[PDB]
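Coming up is one lone chain in C-alpha cells, specifically the form solved without (6S)-5,6,7,8-tetrahydrofolate.
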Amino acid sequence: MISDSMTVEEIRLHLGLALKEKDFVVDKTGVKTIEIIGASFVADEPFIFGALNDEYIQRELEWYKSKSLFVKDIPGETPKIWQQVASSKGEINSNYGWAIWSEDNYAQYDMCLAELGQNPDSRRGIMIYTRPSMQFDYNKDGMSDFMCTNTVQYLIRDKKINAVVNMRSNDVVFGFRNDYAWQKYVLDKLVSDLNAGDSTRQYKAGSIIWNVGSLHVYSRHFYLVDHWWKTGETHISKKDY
C-alpha cells in the first residue's frame, strides 16, 4: 500500500491557513517565513506557487550532468542565489549530479540501479546525497551550503517505481519547482535504464513522495500565497498584485 498522503492542493491550503493566522518564524538572516514542519505529500503537480521556468531548470540540469562543484560552470550567467552561497573560490556542495553520479560520492545512481536490477523488491534501493561530514563541510572555505536533500529511496511495487524524497529544508516557490524537475528526471531515467536491461520488466514511473523537515515560504513570496488564498490563482506578477 502506498500511503494516503496530502496532495499539492492540500499543502496550498495549509500554507494559506498559516499566513491567515500569522504563524511566522524568524529565518537565519532575520526574515519572516511561514512553515510546515515534517511535511509529507505526493508531488502530483510540478509546482506549488509561482510559474515554471523551463529554461532555468535545463541550465541547472546541464550543470548537474557536468558534476561540477563550481557554480561558474552553470551554463550562462550564474544565478545570484548560487554565487552568494559559494565559497571564496566559487565552490559549493549541492551539485545533485555530483551527488548521484560521481565516484567520489560512491556511485549512488549505479549502486541503486544494480540493487533494483538484482532484487526489484529491495528496501535498500537508495541514493544517499548527504554525508556525516556535512557537519563540518557546509561552510568549507566560507561557503554556506548544508546539503538540503538527505536521501531518495526507490521502491518498485506493481511495476511502478515510486520515489520517497527526504529533504531537511525546501523553499516552496523556487526550491520545490527546481528539485521536482530534477527528481522527476532521475526517476524517469532510472525507469528507462531498468527497462533497457530487460524488456519483460515494463516498469513505469510511479509516485514521488516529498518529505521535508521544514517546508517554507519566505516573506518576499507571501503575496503569492495571499493572492491564491483570495482568487485560487497560483501565480501573479508582483506588479499586477
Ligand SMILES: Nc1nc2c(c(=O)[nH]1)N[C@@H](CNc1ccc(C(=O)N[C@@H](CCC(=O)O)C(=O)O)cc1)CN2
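Just count from 1 along the sequence shown to find any residue number.
If you look for the form solved in complex with (6S)-5,6,7,8-tetrahydrofolate, you will not find it shown, but the lines that follow are about it.
Note on contacts: among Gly206, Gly175, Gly50, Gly213, the single residue with a heavy atom within 4.5 Å of (6S)-5,6,7,8-tetrahydrofolate in the bound PDB entry is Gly175. Looking at (6S)-5,6,7,8-tetrahydrofolate in the bound PDB entry, residues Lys28, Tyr56 and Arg59 each place a heavy atom within 4.5 Å of it. Partner contacts here mean any heavy atom within 4.5 Å of (6S)-5,6,7,8-tetrahydrofolate in the bound PDB entry, and among 189 to 197, 176 to 184, 65 to 73, 37 to 45 they occur only in 176 to 184. In the bound PDB entry, (6S)-5,6,7,8-tetrahydrofolate sits within 4.5 Å of a heavy atom belonging to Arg220.
With a 4.5 Å cutoff on heavy atoms, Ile81 counts as touching (6S)-5,6,7,8-tetrahydrofolate in the bound PDB entry. Although the partner is absent from this view, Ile126 stays clear of (6S)-5,6,7,8-tetrahydrofolate in the bound PDB entry, with no non-hydrogen atom inside 4.5 angstroms. Residue contact with (6S)-5,6,7,8-tetrahydrofolate in the bound PDB entry: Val164 places no heavy atom within 4.5 Å of it.
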